[PDB]
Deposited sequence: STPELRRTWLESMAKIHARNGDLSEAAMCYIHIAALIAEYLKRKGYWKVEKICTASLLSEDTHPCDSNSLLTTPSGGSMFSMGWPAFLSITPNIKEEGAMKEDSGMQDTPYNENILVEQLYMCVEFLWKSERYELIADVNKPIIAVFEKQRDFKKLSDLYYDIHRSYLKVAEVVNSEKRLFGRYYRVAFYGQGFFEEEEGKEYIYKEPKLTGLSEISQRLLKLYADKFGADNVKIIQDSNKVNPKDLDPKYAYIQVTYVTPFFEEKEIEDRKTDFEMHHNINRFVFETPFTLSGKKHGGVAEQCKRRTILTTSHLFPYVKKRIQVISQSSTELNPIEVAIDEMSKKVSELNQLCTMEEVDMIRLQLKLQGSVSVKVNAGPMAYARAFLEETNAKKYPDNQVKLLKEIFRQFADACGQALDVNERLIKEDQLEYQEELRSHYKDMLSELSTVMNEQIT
């Protein structure tokens, strides 16, 4: 909250982030410095002139720079820094908003070569977006809920829940062992344990003689209303604060059960600030959760597989192996229970009397869509196989007919 101390910290955080490769966080450091300088330069009559609001198009987090207790040229140099790391971090869509204030400066100077350079950079940034957007080529990060427990051990983290933004495709083993290594060295490896349970930890159940770290993979969450925005791979990682995970539980009290007792909890974690931020972890301030019935779990997983199958078929160039993976995994299940375990548990006349009519009717309709989705995937595979998968395709077809016939008995209805 005191300008020079905040600005020094932001710069050192930027340098650290750059060494660590958290390039988005470096870029956010420089925009927060630029917003800091602009509010300071405003508060002391200097005459964008709005102060920190000048960079809201980049991120709303800069609102916190307005709790403060340096010339125009160095402000422009923080934005140069900011653009540099926006480039490296592949957040190209933001370079324009960051260069617009700089262009204003050089319009006044009549520096036409600089104006050519700046407009050219923005052109290049949008050219990159056009040739890369929505291609799964950009790896903006994986997210993890991390909670710390251990009153005798943990300092500022004790009893606190964070979302950790990890680089690229960082998997569960990577962040787990890295967090375990770091805190094992400060506390002695023999006192540090990982909580794998994704349920909210109850401290009473924990032995105080240990320090605990709870690690859970989460993904960015959006409701249908939010699908208006978030049409881009970038937009799904830009200014986000809600993350979701599901947790299994049964009707009795176990994690895992058969299909007729299997439930799940969907939990949505809301963070203190939006990612990206000047840090790669942000504290969770609230949780929202709901739970799904066994028949609601069935409905959920059946909807997903119809969408999966339908999307593979509608591709401009069908991926044959990917279609076969999902097709065989639906009509030809042999390790798991197979989708017909759901039809047995929830759609058979005698079982359907145990669930509300509207829920079984929605399940029947998704099953209809499922028969159609398998049938289409079969017809698509027929157009792609060579001689070496003729018998394979014939066996999928015979399973699909056999599944169709059993589904018809269960639903007492002609599934074609």
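Deposited positions without coordinates, collected into consecutive stretches in sequence order
Missing C-alpha atoms (numbering from 1) occur across the ranges 48-79, 102-110.
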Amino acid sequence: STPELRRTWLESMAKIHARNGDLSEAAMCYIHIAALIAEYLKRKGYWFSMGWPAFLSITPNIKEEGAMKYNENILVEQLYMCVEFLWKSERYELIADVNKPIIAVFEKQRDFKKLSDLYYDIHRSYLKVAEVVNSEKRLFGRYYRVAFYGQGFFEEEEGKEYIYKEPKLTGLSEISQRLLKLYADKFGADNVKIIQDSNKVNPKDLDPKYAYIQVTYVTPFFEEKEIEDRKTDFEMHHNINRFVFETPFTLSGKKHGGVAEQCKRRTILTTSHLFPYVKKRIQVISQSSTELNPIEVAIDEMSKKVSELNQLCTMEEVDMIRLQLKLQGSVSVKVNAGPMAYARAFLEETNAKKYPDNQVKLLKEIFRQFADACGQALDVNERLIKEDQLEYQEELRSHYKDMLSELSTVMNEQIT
From here on, numbers count along this sequence of modelled residues.
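Got a sec? Mean C-alpha B-factor, which is higher, 216-224 or 249-257?
Per the PDB record, 249-257.
Of 237-245 and 127-135, the stretch whose C-alpha atoms average the higher B-factor in the entry
Between 237-245 and 127-135, it is 127-135.
Out of 281, 264, 231, 142, highest CA B-factor residue:
Max CA B-factor in the entry, restricted to 281, 264, 231, 142: 231.
Quick one: which of 376, 59, 389, 350 has the biggest Cα B-factor according to the entry?
Among 376, 59, 389, 350, the PDB entry lists the largest C-alpha B-factor for 350.
Test of reading the entry: by CA B factor among the chain's modelled residues, which third contains residue 319?
For residue 319, the deposited C-alpha B-factor lands in the lowest third.
How does the C-alpha B factor of residue 408 compare with the rest of the chain: lowest, middle or highest third?
Top third by C-alpha B-factor.
Tell me, lowest, middle or highest third: where does the Cα B factor of residue 11 rank within its chain?
Tercile = highest for this residue's CA B-factor.
In terms of the CA temperature factor given in the entry, to which third of its chain does residue 325 belong: lowest, middle or highest?
Lowest third.
For residue 65, return the chain-relative third of its C-alpha B-factor as stated in the PDB record: lowest, middle or highest.
For residue 65, whose C-alpha B-factor we compare with every modelled residue in the chain, the answer is the highest third.
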